[PDB]
file run_7.txt (compact mmCIF, N, CA and C atoms)
# COMPACT_ATOMS: atom_id res chain seq x y z
N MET U 1 -28.32 79.69 80.56
CA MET U 1 -29.47 79.25 81.35
C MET U 1 -29.42 77.76 81.62
N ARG U 2 -29.27 76.96 80.56
CA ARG U 2 -29.30 75.50 80.70
C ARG U 2 -28.21 75.02 81.65
N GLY U 3 -27.00 75.56 81.49
CA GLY U 3 -25.93 75.24 82.42
C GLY U 3 -26.30 75.55 83.85
N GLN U 4 -26.85 76.75 84.08
CA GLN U 4 -27.31 77.09 85.42
C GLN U 4 -28.28 76.05 85.94
N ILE U 5 -29.26 75.67 85.11
CA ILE U 5 -30.32 74.76 85.54
C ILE U 5 -29.73 73.43 85.98
N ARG U 6 -28.96 72.80 85.10
CA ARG U 6 -28.40 71.49 85.43
C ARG U 6 -27.53 71.58 86.68
N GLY U 7 -26.84 72.71 86.85
CA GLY U 7 -26.09 72.90 88.08
C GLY U 7 -26.98 73.15 89.28
N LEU U 8 -28.25 73.52 89.06
CA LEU U 8 -29.18 73.69 90.17
C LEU U 8 -29.74 72.36 90.61
N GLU U 9 -30.05 71.48 89.67
CA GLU U 9 -30.39 70.11 90.05
C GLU U 9 -29.23 69.48 90.80
N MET U 10 -28.02 69.66 90.27
CA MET U 10 -26.84 69.17 90.98
C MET U 10 -26.68 69.87 92.32
N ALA U 11 -27.16 71.11 92.42
CA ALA U 11 -27.10 71.81 93.70
C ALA U 11 -28.05 71.17 94.71
N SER U 12 -29.23 70.77 94.25
CA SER U 12 -30.16 70.05 95.12
C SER U 12 -29.52 68.77 95.63
N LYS U 13 -28.98 67.96 94.71
CA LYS U 13 -28.33 66.72 95.11
C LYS U 13 -27.17 66.98 96.06
N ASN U 14 -26.41 68.05 95.80
CA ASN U 14 -25.31 68.42 96.68
C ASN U 14 -25.79 68.63 98.10
N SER U 15 -26.79 69.50 98.27
CA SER U 15 -27.25 69.80 99.61
C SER U 15 -27.85 68.57 100.28
N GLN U 16 -28.51 67.70 99.51
CA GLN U 16 -29.02 66.47 100.10
C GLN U 16 -27.89 65.61 100.64
N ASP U 17 -26.82 65.46 99.86
CA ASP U 17 -25.65 64.73 100.33
C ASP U 17 -25.08 65.36 101.59
N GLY U 18 -25.05 66.69 101.64
CA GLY U 18 -24.59 67.36 102.84
C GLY U 18 -25.44 67.04 104.04
N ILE U 19 -26.77 67.05 103.86
CA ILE U 19 -27.67 66.67 104.95
C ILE U 19 -27.32 65.28 105.45
N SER U 20 -27.13 64.34 104.53
CA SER U 20 -26.81 62.97 104.92
C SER U 20 -25.52 62.88 105.73
N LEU U 21 -24.46 63.54 105.25
CA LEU U 21 -23.22 63.65 106.02
C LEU U 21 -23.52 64.10 107.44
N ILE U 22 -24.32 65.15 107.56
CA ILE U 22 -24.66 65.67 108.88
C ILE U 22 -25.39 64.60 109.68
N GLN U 23 -26.34 63.90 109.06
CA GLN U 23 -27.10 62.87 109.77
C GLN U 23 -26.18 61.79 110.33
N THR U 24 -25.12 61.46 109.59
CA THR U 24 -24.10 60.56 110.12
C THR U 24 -23.49 61.16 111.38
N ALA U 25 -23.08 62.43 111.29
CA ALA U 25 -22.51 63.11 112.45
C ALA U 25 -23.47 63.13 113.63
N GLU U 26 -24.77 63.13 113.36
CA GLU U 26 -25.76 63.33 114.41
C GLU U 26 -26.14 62.00 115.06
N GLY U 27 -26.06 60.91 114.30
CA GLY U 27 -26.11 59.61 114.94
C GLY U 27 -24.93 59.41 115.86
N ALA U 28 -23.74 59.78 115.38
CA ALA U 28 -22.54 59.64 116.21
C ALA U 28 -22.65 60.48 117.48
N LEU U 29 -22.99 61.77 117.32
CA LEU U 29 -23.12 62.63 118.49
C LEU U 29 -24.28 62.19 119.37
N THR U 30 -25.29 61.55 118.80
CA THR U 30 -26.38 61.02 119.61
C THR U 30 -25.86 59.96 120.56
N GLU U 31 -25.11 59.00 120.02
CA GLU U 31 -24.61 57.93 120.88
C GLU U 31 -23.61 58.46 121.89
N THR U 32 -22.68 59.32 121.45
CA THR U 32 -21.76 59.99 122.37
C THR U 32 -22.53 60.67 123.49
N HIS U 33 -23.62 61.33 123.14
CA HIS U 33 -24.40 62.08 124.10
C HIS U 33 -25.02 61.15 125.13
N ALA U 34 -25.58 60.03 124.67
CA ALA U 34 -26.13 59.04 125.60
C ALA U 34 -25.05 58.50 126.52
N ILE U 35 -23.84 58.32 126.00
CA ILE U 35 -22.73 57.93 126.86
C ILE U 35 -22.56 58.95 127.96
N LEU U 36 -22.54 60.24 127.61
CA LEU U 36 -22.35 61.26 128.63
C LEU U 36 -23.49 61.27 129.64
N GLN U 37 -24.70 60.87 129.23
CA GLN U 37 -25.76 60.69 130.21
C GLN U 37 -25.38 59.62 131.23
N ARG U 38 -24.97 58.44 130.74
CA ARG U 38 -24.54 57.37 131.64
C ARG U 38 -23.41 57.83 132.55
N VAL U 39 -22.44 58.53 131.98
CA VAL U 39 -21.32 59.06 132.75
C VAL U 39 -21.84 59.94 133.87
N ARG U 40 -22.76 60.86 133.54
CA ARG U 40 -23.30 61.76 134.55
C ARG U 40 -23.90 60.99 135.71
N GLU U 41 -24.69 59.95 135.41
CA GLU U 41 -25.20 59.09 136.48
C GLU U 41 -24.05 58.54 137.33
N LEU U 42 -23.02 58.02 136.66
CA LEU U 42 -21.90 57.42 137.39
C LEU U 42 -21.17 58.45 138.23
N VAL U 43 -21.24 59.73 137.85
CA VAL U 43 -20.58 60.78 138.63
C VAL U 43 -21.44 61.14 139.83
N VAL U 44 -22.76 61.07 139.68
CA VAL U 44 -23.64 61.40 140.80
C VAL U 44 -23.52 60.34 141.88
N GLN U 45 -23.69 59.07 141.51
CA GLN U 45 -23.50 58.04 142.53
C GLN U 45 -22.04 57.85 142.90
N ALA U 46 -21.11 58.35 142.08
CA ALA U 46 -19.76 58.53 142.59
C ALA U 46 -19.76 59.59 143.68
N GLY U 47 -20.67 60.55 143.57
CA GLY U 47 -20.81 61.57 144.60
C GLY U 47 -21.21 60.99 145.93
N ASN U 48 -22.35 60.29 145.97
CA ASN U 48 -22.76 59.67 147.23
C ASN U 48 -21.76 58.62 147.67
N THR U 49 -21.44 57.69 146.78
CA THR U 49 -20.62 56.54 147.13
C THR U 49 -19.19 56.92 147.48
N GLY U 50 -18.77 58.16 147.18
CA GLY U 50 -17.55 58.68 147.78
C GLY U 50 -17.66 58.88 149.27
N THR U 51 -18.88 58.79 149.82
CA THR U 51 -19.14 58.85 151.25
C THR U 51 -19.91 57.62 151.73
N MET X 1 -32.02 68.71 130.48
CA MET X 1 -33.15 68.20 131.25
C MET X 1 -33.01 66.71 131.53
N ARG X 2 -32.80 65.92 130.47
CA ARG X 2 -32.73 64.47 130.62
C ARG X 2 -31.63 64.07 131.59
N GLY X 3 -30.46 64.68 131.45
CA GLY X 3 -29.38 64.43 132.39
C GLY X 3 -29.79 64.72 133.81
N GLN X 4 -30.43 65.88 134.03
CA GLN X 4 -30.93 66.19 135.36
C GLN X 4 -31.84 65.09 135.87
N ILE X 5 -32.78 64.65 135.03
CA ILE X 5 -33.79 63.67 135.44
C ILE X 5 -33.12 62.38 135.90
N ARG X 6 -32.29 61.80 135.03
CA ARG X 6 -31.65 60.54 135.37
C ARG X 6 -30.81 60.68 136.63
N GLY X 7 -30.20 61.85 136.81
CA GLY X 7 -29.49 62.10 138.06
C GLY X 7 -30.41 62.29 139.24
N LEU X 8 -31.69 62.57 138.99
CA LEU X 8 -32.65 62.69 140.09
C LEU X 8 -33.14 61.32 140.53
N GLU X 9 -33.37 60.42 139.58
CA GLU X 9 -33.63 59.04 139.96
C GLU X 9 -32.44 58.49 140.73
N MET X 10 -31.23 58.74 140.23
CA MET X 10 -30.04 58.33 140.95
C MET X 10 -29.95 59.04 142.29
N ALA X 11 -30.51 60.24 142.39
CA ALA X 11 -30.52 60.95 143.66
C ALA X 11 -31.44 60.25 144.65
N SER X 12 -32.59 59.77 144.18
CA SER X 12 -33.48 58.99 145.03
C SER X 12 -32.76 57.76 145.55
N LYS X 13 -32.16 56.99 144.65
CA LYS X 13 -31.44 55.79 145.06
C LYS X 13 -30.32 56.13 146.04
N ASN X 14 -29.63 57.24 145.79
CA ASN X 14 -28.57 57.69 146.68
C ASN X 14 -29.09 57.87 148.09
N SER X 15 -30.13 58.67 148.24
CA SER X 15 -30.64 58.95 149.57
C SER X 15 -31.17 57.68 150.23
N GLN X 16 -31.76 56.77 149.46
CA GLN X 16 -32.20 55.50 150.04
C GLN X 16 -31.02 54.73 150.61
N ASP X 17 -29.93 54.64 149.84
CA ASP X 17 -28.73 53.99 150.33
C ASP X 17 -28.22 54.66 151.60
N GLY X 18 -28.28 55.99 151.65
CA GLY X 18 -27.88 56.69 152.85
C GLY X 18 -28.74 56.31 154.05
N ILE X 19 -30.06 56.23 153.84
CA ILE X 19 -30.95 55.81 154.91
C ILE X 19 -30.52 54.44 155.42
N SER X 20 -30.25 53.52 154.50
CA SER X 20 -29.85 52.17 154.91
C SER X 20 -28.57 52.17 155.74
N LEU X 21 -27.54 52.88 155.27
CA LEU X 21 -26.33 53.08 156.07
C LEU X 21 -26.68 53.52 157.48
N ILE X 22 -27.55 54.51 157.58
CA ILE X 22 -27.94 55.00 158.89
C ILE X 22 -28.61 53.89 159.69
N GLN X 23 -29.51 53.13 159.05
CA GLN X 23 -30.21 52.06 159.75
C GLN X 23 -29.23 51.04 160.33
N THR X 24 -28.14 50.78 159.61
CA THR X 24 -27.07 49.95 160.17
C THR X 24 -26.53 50.59 161.43
N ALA X 25 -26.21 51.89 161.34
CA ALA X 25 -25.69 52.60 162.51
C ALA X 25 -26.68 52.56 163.68
N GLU X 26 -27.97 52.47 163.38
CA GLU X 26 -28.99 52.61 164.41
C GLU X 26 -29.29 51.26 165.06
N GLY X 27 -29.13 50.18 164.31
CA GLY X 27 -29.10 48.87 164.95
C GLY X 27 -27.93 48.76 165.89
N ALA X 28 -26.75 49.20 165.43
CA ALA X 28 -25.57 49.14 166.28
C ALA X 28 -25.75 49.98 167.54
N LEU X 29 -26.17 51.24 167.38
CA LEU X 29 -26.38 52.09 168.54
C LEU X 29 -27.52 51.58 169.41
N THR X 30 -28.48 50.87 168.82
CA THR X 30 -29.54 50.28 169.61
C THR X 30 -28.97 49.25 170.57
N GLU X 31 -28.15 48.34 170.05
CA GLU X 31 -27.60 47.31 170.92
C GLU X 31 -26.65 47.90 171.95
N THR X 32 -25.78 48.82 171.52
CA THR X 32 -24.92 49.55 172.45
C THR X 32 -25.74 50.18 173.56
N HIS X 33 -26.87 50.77 173.18
CA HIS X 33 -27.71 51.47 174.13
C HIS X 33 -28.30 50.50 175.15
N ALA X 34 -28.77 49.34 174.69
CA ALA X 34 -29.27 48.32 175.60
C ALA X 34 -28.18 47.86 176.55
N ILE X 35 -26.94 47.76 176.05
CA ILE X 35 -25.83 47.44 176.93
C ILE X 35 -25.74 48.47 178.03
N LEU X 36 -25.80 49.76 177.67
CA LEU X 36 -25.70 50.79 178.69
C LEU X 36 -26.85 50.73 179.69
N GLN X 37 -28.02 50.25 179.26
CA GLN X 37 -29.09 50.00 180.22
C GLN X 37 -28.66 48.96 181.25
N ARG X 38 -28.16 47.81 180.77
CA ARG X 38 -27.68 46.77 181.68
C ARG X 38 -26.60 47.30 182.60
N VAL X 39 -25.66 48.07 182.05
CA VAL X 39 -24.60 48.67 182.84
C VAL X 39 -25.19 49.52 183.95
N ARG X 40 -26.16 50.37 183.60
CA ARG X 40 -26.78 51.24 184.60
C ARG X 40 -27.35 50.43 185.75
N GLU X 41 -28.07 49.34 185.44
CA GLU X 41 -28.53 48.45 186.50
C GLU X 41 -27.37 47.98 187.37
N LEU X 42 -26.29 47.53 186.73
CA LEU X 42 -25.15 47.01 187.47
C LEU X 42 -24.50 48.08 188.33
N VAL X 43 -24.64 49.35 187.94
CA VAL X 43 -24.07 50.44 188.73
C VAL X 43 -24.97 50.75 189.91
N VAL X 44 -26.28 50.59 189.74
CA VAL X 44 -27.20 50.87 190.84
C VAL X 44 -27.03 49.82 191.93
N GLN X 45 -27.11 48.54 191.56
CA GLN X 45 -26.88 47.53 192.58
C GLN X 45 -25.41 47.43 192.97
N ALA X 46 -24.50 47.99 192.17
CA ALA X 46 -23.18 48.26 192.71
C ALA X 46 -23.26 49.32 193.80
N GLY X 47 -24.24 50.22 193.67
CA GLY X 47 -24.45 51.23 194.69
C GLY X 47 -24.85 50.62 196.02
N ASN X 48 -25.93 49.85 196.03
CA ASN X 48 -26.33 49.21 197.29
C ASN X 48 -25.27 48.23 197.75
N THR X 49 -24.87 47.32 196.87
CA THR X 49 -23.98 46.22 197.24
C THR X 49 -22.59 46.70 197.61
N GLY X 50 -22.24 47.96 197.31
CA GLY X 50 -21.07 48.56 197.93
C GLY X 50 -21.22 48.76 199.43
N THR X 51 -22.44 48.58 199.95
CA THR X 51 -22.72 48.63 201.38
C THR X 51 -23.43 47.35 201.85
call {"tool": "encode", "arguments": {"input": "run_7.txt", "output": "structure tokens"}}
result
Amino acid sequence: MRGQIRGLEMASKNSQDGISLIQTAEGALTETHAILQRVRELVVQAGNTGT
Amino acid sequence: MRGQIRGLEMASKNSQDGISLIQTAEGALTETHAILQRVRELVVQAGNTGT
């Protein structure tokens, strides 16, 4: 039982660390995503300005 | 959605630029047109003055 318990507290900490890893990935994908927004604008006025 | 929106603002700016391009063409065709008015006069009195 005790071993299980201490590994469950460690399980909580584990999953929290995993969330944080993901949050790093999501800041990165957030900025990448905003870049793609800017790109999309540049493609649209590339559309008009191609004429 | 957000991408669509920003491309819609860019769509507004696009069409405005297109209008301006046209306005350039329409100043040009305006002056050309006035020339053809003068020409028409010169052809009419070329009509009489041919006699």
call {"tool": "interface_residues", "arguments": {"input": "run_7.txt", "of": "chain X", "to": "chain U", "cutoff": "7 Å", "atoms": "only N, CA and C atoms", "output": "PyMOL selection string"}}
result
chain X and resi 2-3+6-7+10-11+14
call {"tool": "calpha_fit_and_write", "arguments": {"input": "run_7.txt", "fixed": "chain U", "moving": "chain X", "output": "mmCIF file with N, CA and C atoms, in the coordinates of the input"}}
result
data_model
loop_
_atom_site.group_PDB
_atom_site.id
_atom_site.type_symbol
_atom_site.label_atom_id
_atom_site.label_comp_id
_atom_site.auth_asym_id
_atom_site.auth_seq_id
_atom_site.Cartn_x
_atom_site.Cartn_y
_atom_site.Cartn_z
ATOM 1 N N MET X 1 -28.318 79.687 80.561
ATOM 2 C CA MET X 1 -29.466 79.249 81.349
ATOM 3 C C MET X 1 -29.418 77.752 81.624
ATOM 4 N N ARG X 2 -29.278 76.953 80.559
ATOM 5 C CA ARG X 2 -29.300 75.502 80.706
ATOM 6 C C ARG X 2 -28.212 75.028 81.656
ATOM 7 N N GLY X 3 -27.007 75.561 81.497
ATOM 8 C CA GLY X 3 -25.930 75.239 82.418
ATOM 9 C C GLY X 3 -26.296 75.551 83.845
ATOM 10 N N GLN X 4 -26.855 76.749 84.078
ATOM 11 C CA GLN X 4 -27.311 77.088 85.417
ATOM 12 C C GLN X 4 -28.282 76.048 85.941
ATOM 13 N N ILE X 5 -29.263 75.672 85.116
ATOM 14 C CA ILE X 5 -30.327 74.759 85.542
ATOM 15 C C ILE X 5 -29.735 73.427 85.988
ATOM 16 N N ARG X 6 -28.960 72.796 85.103
ATOM 17 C CA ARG X 6 -28.397 71.496 85.430
ATOM 18 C C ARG X 6 -27.528 71.578 86.675
ATOM 19 N N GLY X 7 -26.841 72.705 86.847
ATOM 20 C CA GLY X 7 -26.095 72.905 88.085
ATOM 21 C C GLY X 7 -26.980 73.151 89.281
ATOM 22 N N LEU X 8 -28.243 73.515 89.053
ATOM 23 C CA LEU X 8 -29.174 73.694 90.170
ATOM 24 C C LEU X 8 -29.745 72.357 90.616
ATOM 25 N N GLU X 9 -30.049 71.477 89.669
ATOM 26 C CA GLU X 9 -30.392 70.116 90.051
ATOM 27 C C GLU X 9 -29.227 69.487 90.799
ATOM 28 N N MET X 10 -28.012 69.659 90.279
ATOM 29 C CA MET X 10 -26.839 69.171 90.978
ATOM 30 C C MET X 10 -26.680 69.870 92.317
ATOM 31 N N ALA X 11 -27.159 71.103 92.429
ATOM 32 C CA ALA X 11 -27.101 71.809 93.700
ATOM 33 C C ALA X 11 -28.048 71.168 94.704
ATOM 34 N N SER X 12 -29.234 70.765 94.254
ATOM 35 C CA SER X 12 -30.159 70.042 95.117
ATOM 36 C C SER X 12 -29.511 68.766 95.623
ATOM 37 N N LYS X 13 -28.978 67.961 94.711
ATOM 38 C CA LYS X 13 -28.331 66.716 95.107
ATOM 39 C C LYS X 13 -27.175 66.980 96.068
ATOM 40 N N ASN X 14 -26.418 68.043 95.808
ATOM 41 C CA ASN X 14 -25.316 68.421 96.680
ATOM 42 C C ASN X 14 -25.799 68.630 98.099
ATOM 43 N N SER X 15 -26.782 69.496 98.269
ATOM 44 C CA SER X 15 -27.250 69.805 99.608
ATOM 45 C C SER X 15 -27.850 68.570 100.275
ATOM 46 N N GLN X 16 -28.511 67.702 99.513
ATOM 47 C CA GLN X 16 -29.023 66.462 100.099
ATOM 48 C C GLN X 16 -27.886 65.615 100.647
ATOM 49 N N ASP X 17 -26.818 65.457 99.858
ATOM 50 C CA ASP X 17 -25.654 64.729 100.326
ATOM 51 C C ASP X 17 -25.080 65.361 101.588
ATOM 52 N N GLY X 18 -25.052 66.691 101.642
ATOM 53 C CA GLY X 18 -24.587 67.361 102.836
ATOM 54 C C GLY X 18 -25.450 67.034 104.050
ATOM 55 N N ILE X 19 -26.775 67.041 103.863
ATOM 56 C CA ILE X 19 -27.672 66.676 104.947
ATOM 57 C C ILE X 19 -27.324 65.280 105.447
ATOM 58 N N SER X 20 -27.130 64.347 104.521
ATOM 59 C CA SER X 20 -26.812 62.973 104.922
ATOM 60 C C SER X 20 -25.521 62.887 105.730
ATOM 61 N N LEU X 21 -24.455 63.530 105.243
ATOM 62 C CA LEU X 21 -23.221 63.648 106.023
ATOM 63 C C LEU X 21 -23.517 64.106 107.439
ATOM 64 N N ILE X 22 -24.319 65.151 107.556
ATOM 65 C CA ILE X 22 -24.654 65.661 108.873
ATOM 66 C C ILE X 22 -25.381 64.595 109.683
ATOM 67 N N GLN X 23 -26.339 63.897 109.057
ATOM 68 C CA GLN X 23 -27.095 62.873 109.767
ATOM 69 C C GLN X 23 -26.174 61.790 110.329
ATOM 70 N N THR X 24 -25.116 61.461 109.589
ATOM 71 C CA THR X 24 -24.093 60.562 110.130
ATOM 72 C C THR X 24 -23.491 61.162 111.381
ATOM 73 N N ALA X 25 -23.088 62.438 111.288
ATOM 74 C CA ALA X 25 -22.503 63.110 112.450
ATOM 75 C C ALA X 25 -23.474 63.131 113.637
ATOM 76 N N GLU X 26 -24.772 63.126 113.359
ATOM 77 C CA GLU X 26 -25.763 63.329 114.406
ATOM 78 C C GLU X 26 -26.139 62.000 115.059
ATOM 79 N N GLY X 27 -26.062 60.914 114.305
ATOM 80 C CA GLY X 27 -26.107 59.603 114.942
ATOM 81 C C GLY X 27 -24.930 59.414 115.862
ATOM 82 N N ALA X 28 -23.732 59.778 115.382
ATOM 83 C CA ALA X 28 -22.544 59.639 116.211
ATOM 84 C C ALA X 28 -22.648 60.485 117.476
ATOM 85 N N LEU X 29 -22.987 61.770 117.325
ATOM 86 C CA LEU X 29 -23.122 62.629 118.490
ATOM 87 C C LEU X 29 -24.277 62.192 119.379
ATOM 88 N N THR X 30 -25.292 61.548 118.804
ATOM 89 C CA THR X 30 -26.374 61.026 119.611
ATOM 90 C C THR X 30 -25.856 59.958 120.560
ATOM 91 N N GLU X 31 -25.106 58.998 120.024
ATOM 92 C CA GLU X 31 -24.609 57.932 120.883
ATOM 93 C C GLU X 31 -23.605 58.456 121.897
ATOM 94 N N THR X 32 -22.685 59.319 121.454
ATOM 95 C CA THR X 32 -21.763 59.989 122.370
ATOM 96 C C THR X 32 -22.522 60.668 123.495
ATOM 97 N N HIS X 33 -23.617 61.331 123.135
ATOM 98 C CA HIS X 33 -24.393 62.081 124.101
ATOM 99 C C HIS X 33 -25.028 61.149 125.129
ATOM 100 N N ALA X 34 -25.580 60.023 124.676
ATOM 101 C CA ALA X 34 -26.130 59.035 125.592
ATOM 102 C C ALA X 34 -25.056 58.503 126.523
ATOM 103 N N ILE X 35 -23.834 58.324 126.001
ATOM 104 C CA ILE X 35 -22.732 57.930 126.861
ATOM 105 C C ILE X 35 -22.556 58.949 127.961
ATOM 106 N N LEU X 36 -22.538 60.241 127.605
ATOM 107 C CA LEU X 36 -22.354 61.259 128.624
ATOM 108 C C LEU X 36 -23.488 61.272 129.644
ATOM 109 N N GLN X 37 -24.694 60.870 129.234
ATOM 110 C CA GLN X 37 -25.762 60.687 130.211
ATOM 111 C C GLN X 37 -25.383 59.619 131.232
ATOM 112 N N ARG X 38 -24.967 58.440 130.742
ATOM 113 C CA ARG X 38 -24.540 57.368 131.642
ATOM 114 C C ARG X 38 -23.412 57.824 132.544
ATOM 115 N N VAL X 39 -22.434 58.533 131.979
ATOM 116 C CA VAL X 39 -21.324 59.061 132.751
ATOM 117 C C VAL X 39 -21.838 59.944 133.873
ATOM 118 N N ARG X 40 -22.756 60.856 133.541
ATOM 119 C CA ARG X 40 -23.301 61.762 134.553
ATOM 120 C C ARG X 40 -23.903 60.988 135.711
ATOM 121 N N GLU X 41 -24.698 59.948 135.412
ATOM 122 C CA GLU X 41 -25.196 59.087 136.478
ATOM 123 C C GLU X 41 -24.055 58.540 137.327
ATOM 124 N N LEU X 42 -23.017 58.022 136.668
ATOM 125 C CA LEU X 42 -21.901 57.427 137.387
ATOM 126 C C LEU X 42 -21.168 58.450 138.238
ATOM 127 N N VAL X 43 -21.232 59.728 137.852
ATOM 128 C CA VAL X 43 -20.579 60.776 138.634
ATOM 129 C C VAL X 43 -21.436 61.141 139.830
ATOM 130 N N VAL X 44 -22.757 61.067 139.683
ATOM 131 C CA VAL X 44 -23.638 61.403 140.799
ATOM 132 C C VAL X 44 -23.518 60.341 141.884
ATOM 133 N N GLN X 45 -23.687 59.070 141.513
ATOM 134 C CA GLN X 45 -23.506 58.044 142.527
ATOM 135 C C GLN X 45 -22.039 57.848 142.892
ATOM 136 N N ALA X 46 -21.108 58.350 142.077
ATOM 137 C CA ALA X 46 -19.765 58.532 142.595
ATOM 138 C C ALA X 46 -19.757 59.592 143.688
ATOM 139 N N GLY X 47 -20.678 60.554 143.576
ATOM 140 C CA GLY X 47 -20.805 61.573 144.601
ATOM 141 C C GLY X 47 -21.221 60.986 145.937
ATOM 142 N N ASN X 48 -22.348 60.288 145.964
ATOM 143 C CA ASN X 48 -22.767 59.672 147.230
ATOM 144 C C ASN X 48 -21.766 58.624 147.670
ATOM 145 N N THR X 49 -21.441 57.692 146.782
ATOM 146 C CA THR X 49 -20.618 56.535 147.134
ATOM 147 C C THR X 49 -19.194 56.923 147.481
ATOM 148 N N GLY X 50 -18.768 58.158 147.177
ATOM 149 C CA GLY X 50 -17.551 58.679 147.778
ATOM 150 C C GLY X 50 -17.662 58.884 149.281
ATOM 151 N N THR X 51 -18.882 58.783 149.821
ATOM 152 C CA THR X 51 -19.133 58.847 151.256
ATOM 153 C C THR X 51 -19.917 57.614 151.736
#
call {"tool": "atom_distance", "arguments": {"input": "run_7.txt", "atom1": "atom CA of residue U:50", "atom2": "atom CA of residue X:18"}}
result
11.7 Å
call {"tool": "atom_distance", "arguments": {"input": "run_7.txt", "atom1": "atom CA of residue U:21", "atom2": "atom N of residue X:1"}}
result
26.5 Å
call {"tool": "atom_distance", "arguments": {"input": "run_7.txt", "atom1": "atom C of residue U:30", "atom2": "atom N of residue U:12"}}
result
28.6 Å
call {"tool": "axis_aligned_box", "arguments": {"input": "run_7.txt", "around": "stretch 8-20 of chain U", "padding_each_side": "5 Å", "output": "JSON"}}
result
{"center_x": -27.5, "center_y": 68.3, "center_z": 97.4, "size_x": 15.8, "size_y": 20.8, "size_z": 26.7}
call {"tool": "build_atoms", "arguments": {"input": "run_7.txt", "residues": "stretch 10-23 of chain U", "atoms": "N, CA, C and O atoms", "output": "tab-separated table (two decimals), keeping the file's coordinate frame"}}
result
chain	number	residue	atom	x	y	z
U	10	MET	N	-28.02	69.66	90.27
U	10	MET	CA	-26.84	69.17	90.98
U	10	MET	C	-26.68	69.87	92.32
U	10	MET	O	-26.11	69.31	93.25
U	11	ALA	N	-27.16	71.11	92.42
U	11	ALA	CA	-27.10	71.81	93.70
U	11	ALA	C	-28.05	71.17	94.71
U	11	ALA	O	-27.71	71.03	95.89
U	12	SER	N	-29.23	70.77	94.25
U	12	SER	CA	-30.16	70.05	95.12
U	12	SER	C	-29.52	68.77	95.63
U	12	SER	O	-29.47	68.52	96.84
U	13	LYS	N	-28.98	67.96	94.71
U	13	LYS	CA	-28.33	66.72	95.11
U	13	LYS	C	-27.17	66.98	96.06
U	13	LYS	O	-26.96	66.23	97.03
U	14	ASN	N	-26.41	68.05	95.80
U	14	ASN	CA	-25.31	68.42	96.68
U	14	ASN	C	-25.79	68.63	98.10
U	14	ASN	O	-25.28	68.02	99.04
U	15	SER	N	-26.79	69.50	98.27
U	15	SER	CA	-27.25	69.80	99.61
U	15	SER	C	-27.85	68.57	100.28
U	15	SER	O	-27.70	68.39	101.49
U	16	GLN	N	-28.51	67.70	99.51
U	16	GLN	CA	-29.02	66.47	100.10
U	16	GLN	C	-27.89	65.61	100.64
U	16	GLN	O	-27.96	65.11	101.77
U	17	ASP	N	-26.82	65.46	99.86
U	17	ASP	CA	-25.65	64.73	100.33
U	17	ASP	C	-25.08	65.36	101.59
U	17	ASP	O	-24.69	64.65	102.53
U	18	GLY	N	-25.05	66.69	101.64
U	18	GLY	CA	-24.59	67.36	102.84
U	18	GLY	C	-25.44	67.04	104.04
U	18	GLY	O	-24.92	66.76	105.13
U	19	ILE	N	-26.77	67.05	103.86
U	19	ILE	CA	-27.67	66.67	104.95
U	19	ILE	C	-27.32	65.28	105.45
U	19	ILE	O	-27.21	65.05	106.65
U	20	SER	N	-27.13	64.34	104.53
U	20	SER	CA	-26.81	62.97	104.92
U	20	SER	C	-25.52	62.88	105.73
U	20	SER	O	-25.49	62.20	106.76
U	21	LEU	N	-24.46	63.54	105.25
U	21	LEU	CA	-23.22	63.65	106.02
U	21	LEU	C	-23.52	64.10	107.44
U	21	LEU	O	-23.04	63.51	108.42
U	22	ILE	N	-24.32	65.15	107.56
U	22	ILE	CA	-24.66	65.67	108.88
U	22	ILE	C	-25.39	64.60	109.68
U	22	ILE	O	-25.08	64.39	110.85
U	23	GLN	N	-26.34	63.90	109.06
U	23	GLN	CA	-27.10	62.87	109.77
U	23	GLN	C	-26.18	61.79	110.33
U	23	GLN	O	-26.41	61.27	111.42
